[PDB]
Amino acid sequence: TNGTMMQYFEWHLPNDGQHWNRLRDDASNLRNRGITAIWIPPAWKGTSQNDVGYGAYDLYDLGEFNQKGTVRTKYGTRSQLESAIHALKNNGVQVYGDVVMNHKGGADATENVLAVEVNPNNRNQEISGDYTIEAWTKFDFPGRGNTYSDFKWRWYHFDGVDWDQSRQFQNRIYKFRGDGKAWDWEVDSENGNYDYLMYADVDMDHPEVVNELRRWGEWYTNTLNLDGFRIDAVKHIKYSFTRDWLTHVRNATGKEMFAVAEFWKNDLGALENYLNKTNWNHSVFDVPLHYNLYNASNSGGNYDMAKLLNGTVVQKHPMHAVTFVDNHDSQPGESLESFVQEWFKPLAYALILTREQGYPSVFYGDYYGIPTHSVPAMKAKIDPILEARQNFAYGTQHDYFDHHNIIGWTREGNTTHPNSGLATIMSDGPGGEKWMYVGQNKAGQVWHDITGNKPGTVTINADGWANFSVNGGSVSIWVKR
């Protein structure tokens, strides 16, 4: 059976503490639609109650301590999360936790630290003399005390900050002075060295930090019975640290732990470097495919559809690609805004859901809508595609990426999964037809469009061929009636 992940949040969810409850209520529903794994938002305490969670204050506070002016996170309390996960586990759905280790925000107090300024466009270049700044580096976790962990963070656990509380200049980055203080390596080389991103940057060279993060990893996994991870911001984290952290947590827990890493760069070469340096021990989001889809959706029919997979992770390394259409960063108004246009969106979902390559991810914002911006729920359009993946998308695949508008592929089905087999056909331009092979054994069967976009039927010929059709700017998915 085909695996399907859902990203179960978007940026603009309400701060009503109800999100874990929503997830609990949806557990049977998701299982029935073919969702086999859920990626939950940051579960820990952020810099405030309405923090999406990437301003990660205390990784041991899952909405259970009174810190940052709130007990619950944005999403709910720890006991509410724990019953949502039980509901999921009871329905055979796996749970992936987000993992934010690059930085810590929302320090309890400042410290006076000797620092040097570096060039924001080249963090290898020092551009000032040394001087003392007031840095937000002191974390004591007053609400939690020493429960679960007695580790306290101080300036020397960090490499630098972008904020001097005493002077309050913008567009500065401060590297701390001290013995063996340097930006970590290997990290992405955009801006010279891209170790520094935001908040207080974690020093992955520091042996107490490495030990603390490994131990937090086991604790998080065990406390919540997680089946895997989505790892945040990996281009800004020393590559060998991520590789060995994951191995550690897998060894310590005895579980396989699937992991997908967010390496945000539209560059297949950079992604292959990352995968080589981490020894192929986890997957990456297919960021190049997201940009291909985004650009195709904006090209008004003029994109060359035969080239839709060129330069992508899924084309080259299918077993290490998590495919997606949109996420909380590409949604309107957000940091990496590059939202796939609504008319193309069912085509993009058919591409990732009905081909044999890659591990696909459905976005909450697409499925349930983004009411704050004007994005309607596309549940009605995505559901039949999820049904095709669940029941029909099996067996040998035949690809027809051979025209600038009209492309398609077929699946022959297999003997496990009866009635399985399909022909997907789509056009970014005018409608039309394509001759495609579904298998000699399907001769004489009558097929219909599961999307309901094309009314009518198609009878498979004596040799296993049929002329499948599609409307303009549309997708049809043909299966046995």
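Residue numbers run from 1 along the displayed sequence.
Given 143-151 and 353-361, the range whose Cα B-factors average higher in the PDB entry: Mean C-alpha B-factor is greater for 143-151.
On mean C-alpha B-factor from the PDB entry, just flag whether 432-440 or 419-427 is the higher one. According to the entry, 432-440 carries the higher average C-alpha B-factor.
Among 312, 299, 122, 79, where is the Cα B factor highest in this entry? Highest C-alpha B-factor among the listed residues goes to 79.
Select one of 346, 395, 318, 129: the residue whose C-alpha shows the highest B-factor in the crystal structure entry. Max CA B-factor in the entry, restricted to 346, 395, 318, 129: 129.
Would you mind ranking residue 41 by its C-alpha B-factor against the rest of the chain and naming the third, lowest, middle or highest? Middle third, going by the recorded CA B-factors of the chain.
Comparing against every modelled residue in the chain, figure out the third that the C-alpha B-factor of residue 53 lands in (lowest, middle or highest). Its C-alpha B-factor belongs to the lowest third of this chain's values.
What third of the chain, by the recorded C-alpha B-factor, contains residue 191? CA B-factor rank for residue 191: middle third.
Please rank the C-alpha B-factors of the chain's modelled residues and tell me whether residue 232 sits in the lowest, middle or highest third. It belongs to the lowest third of the chain when residues are ordered by C-alpha B-factor.
Per the entry's values, where does residue 247 land by CA temperature factor relative to the rest of its chain, in the lowest, middle or highest third? Answer is highest: the recorded C-alpha B-factor places it there.
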